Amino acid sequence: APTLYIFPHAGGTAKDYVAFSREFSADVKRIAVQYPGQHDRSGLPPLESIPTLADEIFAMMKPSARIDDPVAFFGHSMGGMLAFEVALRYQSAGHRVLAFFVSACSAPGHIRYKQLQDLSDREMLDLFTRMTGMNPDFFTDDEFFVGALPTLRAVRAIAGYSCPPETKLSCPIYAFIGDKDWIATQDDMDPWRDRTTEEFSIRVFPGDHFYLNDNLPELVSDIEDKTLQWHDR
């Protein structure tokens, strides 16, 4: 039986994907990955980055599935890069990864906001300088600062993430995009085909970044179909 790992978006919990999984209703096991957050609010994180958190998730998820049978990966937004990186660690251990399903997540090195060098404290001022903004309005210590870090930290991790061209998966990649999304577009999601040695398919859905909710039975059907077909035996 296949186990599909679900990787949430930046501030996303495993409770957000309960309805996404429900819908599965099939001969597929569903394990929702929870990121070690839980009040870990951290700005300018020396410790946090995409491959470092992917190494942690892998250490936590390795015991969940025996080194024999099926494993498929799904990642929405930031979870797309996390699912790719953990799927690489699974493949570098001979786990027989079925496929990789990426949703609203640009291909590695196809992010435009390379503000990796930009310090967290430094970044907010940069956000403040572009627009007509009272320096005090965002820069002041009243929470705006505390509420911003969970998202600010994610921006830096994504911006700083780079994957070498030869580090590829040995399984087919299936990309899903919302036609009215601008955090990720069909154009920047398309180079994921250079992240595999097998097949690749991109499906465009009507919606924005959160189309997932508006196109739930169609998306899960594709994921379900593709999972079963590769794994079928």
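Numbers for residues come from their place in the sequence shown, where the first is 1.
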{"query": "187-195 set against 55-63, stretch whose average Cα temperature factor tops the other in the entry", "finding": "55-63"}
{"query": "Per the entry, higher mean C-alpha B factor between 121-129 and 107-115", "finding": "121-129"}
{"query": "Per the PDB entry, maximal CA B factor within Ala159, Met81, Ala148, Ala72", "finding": "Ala148"}
{"query": "Criterion, highest CA B-factor; candidates, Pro172, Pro206, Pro165, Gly37", "finding": "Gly37"}
{"query": "Modelled-residue ranking by C-alpha temperature factor, third containing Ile6", "finding": "lowest"}
{"query": "Relative C-alpha B-factor of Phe138, binned into the chain's lowest, middle or highest third", "finding": "highest"}
{"query": "Third of the chain's Cα B-factor distribution that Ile177 belongs to, per the entry", "finding": "lowest"}
{"query": "CA B-factor placement of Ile31, once the chain's modelled residues are sorted into thirds", "finding": "middle"}
{"query": "Chain third (lowest, middle, highest) by recorded CA B-factor, residue given as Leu98", "finding": "middle"}
